[PDB]
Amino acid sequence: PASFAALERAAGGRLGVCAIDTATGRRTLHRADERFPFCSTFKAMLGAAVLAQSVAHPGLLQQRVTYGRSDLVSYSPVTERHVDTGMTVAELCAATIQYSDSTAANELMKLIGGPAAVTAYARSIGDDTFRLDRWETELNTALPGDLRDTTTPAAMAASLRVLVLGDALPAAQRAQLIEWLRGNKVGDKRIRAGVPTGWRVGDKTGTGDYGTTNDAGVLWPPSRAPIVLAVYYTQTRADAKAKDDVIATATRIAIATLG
């Protein structure tokens, strides 16, 4: 597959892509205004919301959050190791962004006002599409036709552009968000598998039922302006398996089309 149409045909299901070449503003799109269940990709928006709170409350990132074992929800590989020690707010942000740790996101949402606070933060950065309705791990049900916990590829690309490359955050907080995204450890087979050698990547993956396979981030070529890329993918059967290679190929197609 070398077009989004061919990729969606080969893979089955529904593929959504928005990639923006920031040198020109040109976009390559597929189903870019359709809603998709964002799954863990929202953790980029959550990390930004926490960073914004750290501007109004200096020192917030260094505050130690403690929690009991009974706070832990499914898929918490980092937080389950730190009941004794606690984790700083910054460590929770890194854990939920780089590993998709579920409890880390819930602890951060408890600190800032719940799912509604993440949605309100999205509105504050110009995103009138994103909606976070549920806590981890319910928000990954990915039901067809369900508006809960959805965004569009175009909206998430626009939000990542202003957060990572624009000035939605001050420079120091922006640099911290970039480093969290750069250190993603669970996206090797997705966007990162589709970029040329020497390109730097920061991204956030997500996975859910209906074989939902997502990844959104920013790509830095060595000699060109960055590309913002949001890929969402979901399938017909509730039991479908995630398809990492669909994301890798969509990334290659997006880059080839913009090049």
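The first residue of the sequence shown is number 1, and the count goes up from there.
Relative to its counterpart among 167-175 and 100-108, 167-175 has the higher mean temperature factor, C-alpha atoms as listed in the PDB entry.
Annotation for 147-155 versus 109-117: the higher mean temperature factor (C-alpha) is found in 109-117. In this structure the maximum Cα B-factor among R190, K43, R35, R26 is found at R26.
Remark: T197 belongs to the highest third of its chain, ranked by C-alpha B-factor as recorded. In the PDB entry, a CA B factor belonging to the lowest third of its chain's modelled residues is recorded for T205. In the PDB entry, a CA B factor belonging to the middle third of its chain's modelled residues is recorded for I20.
In the PDB entry, a CA B factor belonging to the lowest third of its chain's modelled residues is recorded for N214.
In the deposited entry, the Cα temperature factor of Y232 sits in the bottom third of values across the chain's modelled residues.
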